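Coming up, as structure tokens: structure 1 and structure 2, two forms of one and the same protein chain.
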Structure 1
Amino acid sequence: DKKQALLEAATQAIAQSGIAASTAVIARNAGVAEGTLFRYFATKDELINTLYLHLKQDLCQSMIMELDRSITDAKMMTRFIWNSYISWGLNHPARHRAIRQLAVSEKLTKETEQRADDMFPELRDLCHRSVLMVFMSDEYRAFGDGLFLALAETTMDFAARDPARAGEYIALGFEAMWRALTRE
């Protein structure tokens, strides 16, 4: 209960304010004592990592349910994964806004990145993963994650504002993302 309420309140606050959002704000919006928040997350760094994992789990659970694992072709599988990301963020704009800030925050621990993958094996190799961002040195993976998230946010913005052409924006954004972030 209170853990879920705190994570939901942290999601809204960071979506609105960035990793800077105050624990006090988060605690009151969750209707708990700030000391109670520290019982769940002793530090802002811990809240960042725990919240990132929470949102990442939610997102990937969404992707798992839309995925058809017959599909082996990487581009097609990647299109489906994109479309599920755009859907997720249109359904949950604060989750997207929060995860975008978390993803590029530089407070994510190697432990946490590790923890993400271990929690959804299905994504590792029911796609055969990647071609996406393989060309980049390790140091620039964060930047490529930022580029992906930038493209996706724009695609969301336009689809939300002009729903009659949502599929068109999604398809154009996909093609942009894929050309940006792959090599043949």
Structure 2
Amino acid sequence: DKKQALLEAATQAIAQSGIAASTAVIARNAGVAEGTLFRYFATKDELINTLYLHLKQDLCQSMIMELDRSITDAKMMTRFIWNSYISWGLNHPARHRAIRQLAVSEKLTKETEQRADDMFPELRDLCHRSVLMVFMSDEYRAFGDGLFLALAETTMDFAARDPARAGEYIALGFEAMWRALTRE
């Protein structure tokens, strides 16, 4: 709860001012001393890693919940997941803002990254099925996510501004992202 509050405050602080966000700020917003933040989190790096798992869990519950398992077609499954992630982001703007910054960032542990993929096994298989091999590689895995997230976050800004054409933005965003990242 005091942990939960620090994770809420960390989502708000990071989305607004990115991962350079002050542990001191988070604590005051948390309604505690900085010393409490460090009791709960040994490092700012530990809190970033813990927060990313927190937000990715929150996002995958969304995605898991919406996944019609009758579907097998790779393109069809990914579109579904695209639609889940976008709608998750319209509904939680700060969560989307912090998670996109966290996902690309250098300070994620390998243990953090493994566990995230555990959270939705269906995506890891789909990416192994569909994505250009270069973006599955250790060297450019982060680059391909950063490209997915850029196109998703663009698709989101246009969607919010223009509820009227939101469906076209999502359709056009997804097909753009699919050509970008998958085998031709």
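Residues that one form lacks are left out of the comparison. Take the two forms, superpose them, and find the largest set of C-alpha atoms that agree within 1.5 Å; that set is the rigid core. Structure 1's sequence is the ruler for residue numbers, which start at 1.
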Handout entry: Candidates 124, 28, 141, 69 - which moves between the two structures, C-alpha at least 2 Å, core fixed
Key = 124
Completion exercise
For residue 42, the CA shift between the two structures after fitting the core, in Å, is 1.4
Handout entry: Segments displaced between the two structures (3 or more residues, each Cα shift of 2 Å or more, core-superposed)
Key = 117-138
